[PDB]
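**Student:** Provided herewith: input.cif, mmCIF, C-alpha atoms and all ligand atoms.
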data_upload
#
loop_
_atom_site.group_PDB
_atom_site.id
_atom_site.type_symbol
_atom_site.label_atom_id
_atom_site.label_comp_id
_atom_site.auth_asym_id
_atom_site.auth_seq_id
_atom_site.Cartn_x
_atom_site.Cartn_y
_atom_site.Cartn_z
ATOM 1 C CA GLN Y 1 -2.504 0.043 -16.261
ATOM 2 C CA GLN Y 2 0.891 0.759 -14.711
ATOM 3 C CA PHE Y 3 1.283 -1.025 -11.364
ATOM 4 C CA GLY Y 4 -0.721 -3.669 -9.534
ATOM 5 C CA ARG Y 5 -1.922 -3.881 -5.954
ATOM 6 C CA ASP Y 6 -2.790 -6.595 -3.435
ATOM 7 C CA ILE Y 7 -5.693 -7.058 -1.022
ATOM 8 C CA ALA Y 8 -3.932 -5.094 1.739
ATOM 9 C CA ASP Y 9 -3.375 -2.216 -0.737
ATOM 10 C CA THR Y 10 0.382 -2.521 -1.259
ATOM 11 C CA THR Y 11 2.231 -2.540 -4.570
ATOM 12 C CA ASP Y 12 3.127 -5.921 -6.061
ATOM 13 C CA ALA Y 13 3.820 -5.474 -9.789
ATOM 14 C CA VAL Y 14 5.304 -2.624 -11.821
ATOM 15 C CA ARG Y 15 5.499 -1.960 -15.556
ATOM 16 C CA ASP Y 16 8.855 -0.570 -16.644
ATOM 17 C CA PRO Y 17 8.314 2.944 -18.074
ATOM 18 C CA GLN Y 18 11.249 2.428 -20.483
ATOM 19 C CA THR Y 19 10.697 -1.076 -21.897
ATOM 20 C CA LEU Y 20 7.219 -2.614 -22.126
ATOM 21 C CA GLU Y 21 7.469 -5.363 -19.513
ATOM 22 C CA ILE Y 22 5.992 -6.389 -16.161
ATOM 23 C CA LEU Y 23 7.880 -7.257 -12.965
ATOM 24 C CA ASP Y 24 6.691 -8.272 -9.499
ATOM 25 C CA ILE Y 25 8.138 -7.030 -6.207
ATOM 26 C CA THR Y 26 8.464 -8.929 -2.938
ATOM 27 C CA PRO Y 27 10.166 -7.615 0.215
ATOM 28 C CA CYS Y 28 13.364 -9.495 0.939
ATOM 29 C CA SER Y 29 13.383 -12.020 3.740
ATOM 30 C CA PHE Y 30 13.001 -11.143 7.420
ATOM 31 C CA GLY Y 31 12.143 -13.018 10.579
ATOM 32 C CA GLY Y 32 12.794 -13.609 14.245
ATOM 33 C CA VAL Y 33 15.764 -15.169 16.054
ATOM 34 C CA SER Y 34 15.534 -17.654 18.924
ATOM 35 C CA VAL Y 35 18.356 -18.930 21.131
ATOM 36 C CA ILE Y 36 18.352 -22.526 22.396
ATOM 37 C CA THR Y 37 20.537 -23.199 25.412
ATOM 38 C CA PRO Y 38 20.881 -25.463 28.452
ATOM 39 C CA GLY Y 39 21.575 -24.078 31.907
ATOM 40 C CA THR Y 40 24.575 -21.825 32.388
ATOM 41 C CA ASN Y 41 26.030 -24.201 34.987
ATOM 42 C CA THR Y 42 25.951 -27.019 32.407
ATOM 43 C CA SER Y 43 27.636 -25.447 29.366
ATOM 44 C CA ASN Y 44 28.091 -22.227 27.390
ATOM 45 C CA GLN Y 45 27.193 -23.538 23.924
ATOM 46 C CA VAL Y 46 24.019 -22.329 22.217
ATOM 47 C CA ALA Y 47 22.049 -22.909 19.032
ATOM 48 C CA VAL Y 48 20.261 -20.414 16.792
ATOM 49 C CA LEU Y 49 16.830 -20.740 15.177
ATOM 50 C CA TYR Y 50 15.899 -18.335 12.383
ATOM 51 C CA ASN E 1 -7.471 -8.268 8.555
ATOM 52 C CA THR E 2 -8.755 -5.351 10.625
ATOM 53 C CA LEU E 3 -5.330 -4.910 12.229
ATOM 54 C CA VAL E 4 -3.523 -4.869 8.880
ATOM 55 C CA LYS E 5 -6.105 -2.537 7.316
ATOM 56 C CA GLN E 6 -5.792 -0.143 10.279
ATOM 57 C CA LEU E 7 -2.519 1.200 8.837
ATOM 58 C CA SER E 8 -3.996 3.349 6.035
ATOM 59 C CA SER E 9 -5.892 5.588 8.491
ATOM 60 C CA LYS E 10 -4.636 9.166 8.727
ATOM 61 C CA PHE E 11 -5.277 9.367 12.503
ATOM 62 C CA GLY E 12 -5.932 13.098 12.150
ATOM 63 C CA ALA E 13 -2.704 13.817 10.262
ATOM 64 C CA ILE E 14 -2.371 14.856 6.621
ATOM 65 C CA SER E 15 -0.917 11.600 5.247
ATOM 66 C CA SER E 16 -0.144 8.019 6.251
ATOM 67 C CA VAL E 17 3.224 7.681 4.456
ATOM 68 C CA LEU E 18 6.384 8.639 6.335
ATOM 69 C CA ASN E 19 8.643 9.396 3.362
ATOM 70 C CA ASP E 20 6.338 12.082 1.959
ATOM 71 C CA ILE E 21 6.167 13.948 5.277
ATOM 72 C CA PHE E 22 9.916 13.623 5.802
ATOM 73 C CA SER E 23 10.957 14.782 2.309
ATOM 74 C CA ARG E 24 8.182 17.375 1.945
ATOM 75 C CA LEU E 25 7.812 18.916 5.427
ATOM 76 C CA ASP E 26 10.203 20.355 7.990
ATOM 77 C CA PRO E 27 11.354 18.264 10.990
ATOM 78 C CA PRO E 28 9.569 20.414 13.626
ATOM 79 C CA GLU E 29 6.120 19.483 12.284
ATOM 80 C CA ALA E 30 7.338 16.009 11.350
ATOM 81 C CA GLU E 31 7.747 15.521 15.103
ATOM 82 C CA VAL E 32 4.042 16.008 15.829
ATOM 83 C CA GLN E 33 2.912 14.068 12.745
ATOM 84 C CA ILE E 34 5.082 11.081 13.676
ATOM 85 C CA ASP E 35 3.849 11.349 17.268
ATOM 86 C CA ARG E 36 0.237 11.158 16.066
ATOM 87 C CA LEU E 37 0.928 8.123 13.884
ATOM 88 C CA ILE E 38 2.886 6.310 16.610
ATOM 89 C CA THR E 39 0.134 6.923 19.165
ATOM 90 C CA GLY E 40 -2.513 5.576 16.799
ATOM 91 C CA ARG E 41 -0.581 2.439 15.904
ATOM 92 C CA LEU E 42 0.301 1.672 19.532
ATOM 93 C CA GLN E 43 -3.383 1.986 20.432
ATOM 94 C CA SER E 44 -4.317 -0.414 17.629
ATOM 95 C CA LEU E 45 -1.707 -2.968 18.714
ATOM 96 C CA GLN E 46 -2.804 -2.801 22.358
ATOM 97 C CA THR E 47 -6.444 -3.306 21.363
ATOM 98 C CA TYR E 48 -5.505 -6.353 19.287
ATOM 99 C CA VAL E 49 -3.536 -7.804 22.205
HETATM 100 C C1 LIG H 1 12.069 2.848 -26.019
HETATM 101 O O1 LIG H 1 12.216 1.522 -25.553
HETATM 102 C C2 LIG H 1 12.406 0.581 -26.618
HETATM 103 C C3 LIG H 1 12.400 -0.789 -25.984
HETATM 104 O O2 LIG H 1 11.102 -1.369 -26.017
HETATM 105 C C4 LIG H 1 13.695 0.898 -27.379
HETATM 106 O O3 LIG H 1 13.759 0.055 -28.526
HETATM 107 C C5 LIG H 1 14.866 -0.869 -28.449
HETATM 108 O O4 LIG H 1 16.027 -0.374 -29.132
HETATM 109 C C6 LIG H 1 17.155 -1.258 -29.071
HETATM 110 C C7 LIG H 1 18.301 -0.551 -29.755
HETATM 111 O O5 LIG H 1 18.204 0.860 -29.609
HETATM 112 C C8 LIG H 1 16.807 -2.596 -29.719
HETATM 113 O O6 LIG H 1 17.908 -3.485 -29.580
HETATM 114 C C9 LIG H 1 15.570 -3.193 -29.063
HETATM 115 O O7 LIG H 1 15.176 -4.376 -29.750
HETATM 116 C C10 LIG H 1 14.422 -2.189 -29.081
HETATM 117 N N1 LIG H 1 13.258 -2.731 -28.401
HETATM 118 C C11 LIG H 1 12.308 -3.436 -29.025
HETATM 119 C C12 LIG H 1 11.177 -3.917 -28.168
HETATM 120 O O8 LIG H 1 12.361 -3.676 -30.227
HETATM 121 C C13 LIG H 1 13.718 2.354 -27.834
HETATM 122 O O9 LIG H 1 15.003 2.685 -28.346
HETATM 123 C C14 LIG H 1 13.364 3.300 -26.686
HETATM 124 N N2 LIG H 1 13.251 4.667 -27.167
HETATM 125 C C15 LIG H 1 14.168 5.608 -26.920
HETATM 126 C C16 LIG H 1 13.888 6.964 -27.494
HETATM 127 O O10 LIG H 1 15.178 5.376 -26.262
#
Could you spell out this file's structure in structure tokens?
Ligand SMILES: *[C@@H]1O[C@H](CO)[C@@H](O[C@@H]2O[C@H](CO)[C@@H](O)[C@H](O)[C@H]2NC(C)=O)[C@H](O)[C@H]1NC(C)=O
**Tutor:**
Amino acid sequence: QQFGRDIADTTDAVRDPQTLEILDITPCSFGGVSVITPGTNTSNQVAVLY
Amino acid sequence: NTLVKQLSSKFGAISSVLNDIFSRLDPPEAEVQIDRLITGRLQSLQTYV
């Protein structure tokens, strides 16, 4: 066995073809951005929510 | 689960992976292949919605 697979059929683990070891792969973080603000007539400051 | 599994479908094309078509086939046919895949995935998303 060389490389694993999840339920959704995407690679998770890989064996190094040079040294006999096992590693697991996860996509680096991602998300959405939301902007919190009062009315424009009140102020111009905002806050960010990742 | 159905929505996530929908990705692997060929949708009439020759493959479901973009990199293989891009690095193995010329851009003129890549246009129609990518069009097919985009149409299929938009249809799936609209159905889910
Ligand atoms: C194949 O990979 C192995 C690693 O598993 C290499 O063996 C290593 O060699 C270095 C020095 O050359 C040692 O410090 C390591 O301890 C060795 N590994 C183990 C697990 O003992 C081997 O050299 C590689 N083969 C080739 C032809 O490069």
**Student:** Any chance you could work out the axis-aligned box around ligand LIG 1 (chain H), listed atoms only, 8 Å on each side, giving centre and edge lengths in Å to one decimal, as JSON?
**Tutor:**
{"center_x": 14.7, "center_y": 1.3, "center_z": -27.9, "size_x": 23.2, "size_y": 27.3, "size_z": 20.7}
**Student:** What does the list of residues within 8 Å of ligand LIG 1 (chain H) look like if you count only C-alpha atoms and all ligand atoms, written as a ChimeraX atom specification?
**Tutor:** /Y:18-20
**Student:** Could those selected residues go to a file with C-alpha atoms, as a CSV table (one decimal), in the coordinates of the input?
**Tutor:**
chain,number,residue,atom,x,y,z
Y,18,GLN,CA,11.2,2.4,-20.5
Y,19,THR,CA,10.7,-1.1,-21.9
Y,20,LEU,CA,7.2,-2.6,-22.1
**Student:** Output the residue selection produced by the PyMOL selection byres ((chain E) within 9 of (chain Y)) on the file above, formatted as a list in words.
**Tutor:**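 Given this file, the PyMOL selection byres ((chain E) within 9 of (chain Y)) evaluates to residues 1, 4, 5 and 8 of chain E.
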**Student:** May I have the protein, DNA and RNA residues with any atom at most 12 Å from the point (11.3, -5.0, -1.9), counting only C-alpha atoms, written as a PyMOL selection string?
**Tutor:** chain Y and resi 10-14+23-30
**Student:** How would you write, as a PDB file with C-alpha atoms, in the coordinates of the input, the residues chosen by the PyMOL selection byres (((chain E and resi 27-44) around 12) and not hetatm) on this structure?
**Tutor:**
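What follows is the written file expr27.pdb:
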ATOM      1  CA  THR E   2      -8.755  -5.351  10.625  1.00  0.00           C
ATOM      2  CA  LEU E   3      -5.330  -4.910  12.229  1.00  0.00           C
ATOM      3  CA  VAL E   4      -3.523  -4.869   8.880  1.00  0.00           C
ATOM      4  CA  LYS E   5      -6.105  -2.537   7.316  1.00  0.00           C
ATOM      5  CA  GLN E   6      -5.792  -0.143  10.279  1.00  0.00           C
ATOM      6  CA  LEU E   7      -2.519   1.200   8.837  1.00  0.00           C
ATOM      7  CA  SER E   8      -3.996   3.349   6.035  1.00  0.00           C
ATOM      8  CA  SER E   9      -5.892   5.588   8.491  1.00  0.00           C
ATOM      9  CA  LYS E  10      -4.636   9.166   8.727  1.00  0.00           C
ATOM     10  CA  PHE E  11      -5.277   9.367  12.503  1.00  0.00           C
ATOM     11  CA  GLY E  12      -5.932  13.098  12.150  1.00  0.00           C
ATOM     12  CA  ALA E  13      -2.704  13.817  10.262  1.00  0.00           C
ATOM     13  CA  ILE E  14      -2.371  14.856   6.621  1.00  0.00           C
ATOM     14  CA  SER E  15      -0.917  11.600   5.247  1.00  0.00           C
ATOM     15  CA  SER E  16      -0.144   8.019   6.251  1.00  0.00           C
ATOM     16  CA  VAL E  17       3.224   7.681   4.456  1.00  0.00           C
ATOM     17  CA  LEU E  18       6.384   8.639   6.335  1.00  0.00           C
ATOM     18  CA  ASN E  19       8.643   9.396   3.362  1.00  0.00           C
ATOM     19  CA  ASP E  20       6.338  12.082   1.959  1.00  0.00           C
ATOM     20  CA  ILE E  21       6.167  13.948   5.277  1.00  0.00           C
ATOM     21  CA  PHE E  22       9.916  13.623   5.802  1.00  0.00           C
ATOM     22  CA  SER E  23      10.957  14.782   2.309  1.00  0.00           C
ATOM     23  CA  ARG E  24       8.182  17.375   1.945  1.00  0.00           C
ATOM     24  CA  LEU E  25       7.812  18.916   5.427  1.00  0.00           C
ATOM     25  CA  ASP E  26      10.203  20.355   7.990  1.00  0.00           C
ATOM     26  CA  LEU E  45      -1.707  -2.968  18.714  1.00  0.00           C
ATOM     27  CA  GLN E  46      -2.804  -2.801  22.358  1.00  0.00           C
ATOM     28  CA  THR E  47      -6.444  -3.306  21.363  1.00  0.00           C
ATOM     29  CA  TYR E  48      -5.505  -6.353  19.287  1.00  0.00           C
ATOM     30  CA  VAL E  49      -3.536  -7.804  22.205  1.00  0.00           C
TER      31      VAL E  49
END
**Student:** One decimal, in Å: what's the spacing between atom CA of residue 21 of chain Y and atom CA of residue 3 of chain Y?
**Tutor:**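 Rounded to one decimal, the two atoms are 11.1 Å apart.
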**Student:** To one decimal place, how far is atom CA of residue 32 of chain Y from atom CA of residue 50 of chain Y in Å?
**Tutor:**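 Separation between atom CA of residue 32 of chain Y and atom CA of residue 50 of chain Y: 6.0 Å.
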**Student:** Save segment 11-41 of chain E of the structure in the block above to a file, with N, CA and C atoms included, as an mmCIF file, in the first residue's frame.
**Tutor:**
data_model
loop_
_atom_site.group_PDB
_atom_site.id
_atom_site.type_symbol
_atom_site.label_atom_id
_atom_site.label_comp_id
_atom_site.auth_asym_id
_atom_site.auth_seq_id
_atom_site.Cartn_x
_atom_site.Cartn_y
_atom_site.Cartn_z
ATOM 1 N N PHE E 11 -19.386 13.725 -16.504
ATOM 2 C CA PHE E 11 -20.308 14.635 -17.189
ATOM 3 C C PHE E 11 -20.100 14.622 -18.700
ATOM 4 N N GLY E 12 -19.801 13.452 -19.260
ATOM 5 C CA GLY E 12 -19.603 13.311 -20.685
ATOM 6 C C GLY E 12 -18.192 13.565 -21.167
ATOM 7 N N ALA E 13 -17.337 14.161 -20.341
ATOM 8 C CA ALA E 13 -15.966 14.439 -20.733
ATOM 9 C C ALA E 13 -15.112 13.181 -20.590
ATOM 10 N N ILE E 14 -13.800 13.347 -20.757
ATOM 11 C CA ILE E 14 -12.886 12.213 -20.685
ATOM 12 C C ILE E 14 -12.255 12.041 -19.308
ATOM 13 N N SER E 15 -12.266 13.075 -18.470
ATOM 14 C CA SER E 15 -11.713 12.968 -17.127
ATOM 15 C C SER E 15 -12.320 14.053 -16.252
ATOM 16 N N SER E 16 -12.206 13.857 -14.939
ATOM 17 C CA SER E 16 -12.772 14.769 -13.955
ATOM 18 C C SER E 16 -11.715 15.594 -13.231
ATOM 19 N N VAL E 17 -10.456 15.513 -13.649
ATOM 20 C CA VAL E 17 -9.359 16.232 -13.012
ATOM 21 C C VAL E 17 -8.854 17.296 -13.976
ATOM 22 N N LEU E 18 -8.753 18.534 -13.488
ATOM 23 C CA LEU E 18 -8.419 19.658 -14.359
ATOM 24 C C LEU E 18 -6.958 19.636 -14.789
ATOM 25 N N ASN E 19 -6.053 19.277 -13.876
ATOM 26 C CA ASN E 19 -4.626 19.357 -14.168
ATOM 27 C C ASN E 19 -4.236 18.426 -15.307
ATOM 28 N N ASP E 20 -4.819 17.225 -15.347
ATOM 29 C CA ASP E 20 -4.492 16.289 -16.418
ATOM 30 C C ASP E 20 -4.897 16.842 -17.779
ATOM 31 N N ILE E 21 -6.106 17.398 -17.882
ATOM 32 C CA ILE E 21 -6.551 17.962 -19.154
ATOM 33 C C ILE E 21 -5.688 19.155 -19.538
ATOM 34 N N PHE E 22 -5.318 19.979 -18.557
ATOM 35 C CA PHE E 22 -4.554 21.182 -18.869
ATOM 36 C C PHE E 22 -3.132 20.857 -19.313
ATOM 37 N N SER E 23 -2.469 19.914 -18.647
ATOM 38 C CA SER E 23 -1.089 19.566 -18.954
ATOM 39 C C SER E 23 -0.964 18.489 -20.022
ATOM 40 N N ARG E 24 -2.073 17.898 -20.459
ATOM 41 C CA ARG E 24 -2.031 16.817 -21.427
ATOM 42 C C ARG E 24 -2.779 17.135 -22.715
ATOM 43 N N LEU E 25 -3.615 18.173 -22.732
ATOM 44 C CA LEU E 25 -4.414 18.496 -23.904
ATOM 45 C C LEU E 25 -4.277 19.982 -24.213
ATOM 46 N N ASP E 26 -4.519 20.327 -25.477
ATOM 47 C CA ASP E 26 -4.356 21.696 -25.932
ATOM 48 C C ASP E 26 -5.490 22.582 -25.415
ATOM 49 N N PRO E 27 -5.234 23.881 -25.273
ATOM 50 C CA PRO E 27 -6.253 24.808 -24.742
ATOM 51 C C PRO E 27 -7.552 24.811 -25.536
ATOM 52 N N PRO E 28 -7.526 24.720 -26.880
ATOM 53 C CA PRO E 28 -8.811 24.782 -27.609
ATOM 54 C C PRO E 28 -9.824 23.727 -27.190
ATOM 55 N N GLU E 29 -9.389 22.493 -26.928
ATOM 56 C CA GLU E 29 -10.319 21.474 -26.448
ATOM 57 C C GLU E 29 -10.512 21.566 -24.939
ATOM 58 N N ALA E 30 -9.504 22.084 -24.233
ATOM 59 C CA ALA E 30 -9.668 22.365 -22.814
ATOM 60 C C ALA E 30 -10.836 23.309 -22.579
ATOM 61 N N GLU E 31 -11.073 24.234 -23.511
ATOM 62 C CA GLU E 31 -12.215 25.133 -23.398
ATOM 63 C C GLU E 31 -13.521 24.356 -23.271
ATOM 64 N N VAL E 32 -13.772 23.429 -24.199
ATOM 65 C CA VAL E 32 -15.045 22.713 -24.192
ATOM 66 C C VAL E 32 -15.119 21.748 -23.011
ATOM 67 N N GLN E 33 -13.995 21.121 -22.645
ATOM 68 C CA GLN E 33 -14.022 20.218 -21.495
ATOM 69 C C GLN E 33 -14.355 20.976 -20.210
ATOM 70 N N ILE E 34 -13.712 22.128 -20.009
ATOM 71 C CA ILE E 34 -13.976 22.933 -18.825
ATOM 72 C C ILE E 34 -15.405 23.456 -18.848
ATOM 73 N N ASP E 35 -15.915 23.797 -20.035
ATOM 74 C CA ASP E 35 -17.302 24.235 -20.141
ATOM 75 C C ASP E 35 -18.257 23.132 -19.700
ATOM 76 N N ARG E 36 -18.015 21.900 -20.153
ATOM 77 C CA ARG E 36 -18.844 20.773 -19.736
ATOM 78 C C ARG E 36 -18.834 20.621 -18.220
ATOM 79 N N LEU E 37 -17.637 20.618 -17.627
ATOM 80 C CA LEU E 37 -17.536 20.403 -16.186
ATOM 81 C C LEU E 37 -18.218 21.524 -15.406
ATOM 82 N N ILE E 38 -18.016 22.774 -15.832
ATOM 83 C CA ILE E 38 -18.644 23.906 -15.158
ATOM 84 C C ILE E 38 -20.161 23.807 -15.242
ATOM 85 N N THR E 39 -20.690 23.475 -16.422
ATOM 86 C CA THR E 39 -22.136 23.346 -16.560
ATOM 87 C C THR E 39 -22.679 22.283 -15.613
ATOM 88 N N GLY E 40 -22.017 21.125 -15.565
ATOM 89 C CA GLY E 40 -22.482 20.063 -14.684
ATOM 90 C C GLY E 40 -22.489 20.476 -13.223
ATOM 91 N N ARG E 41 -21.410 21.124 -12.778
ATOM 92 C CA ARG E 41 -21.313 21.464 -11.361
ATOM 93 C C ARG E 41 -22.280 22.584 -10.982
#
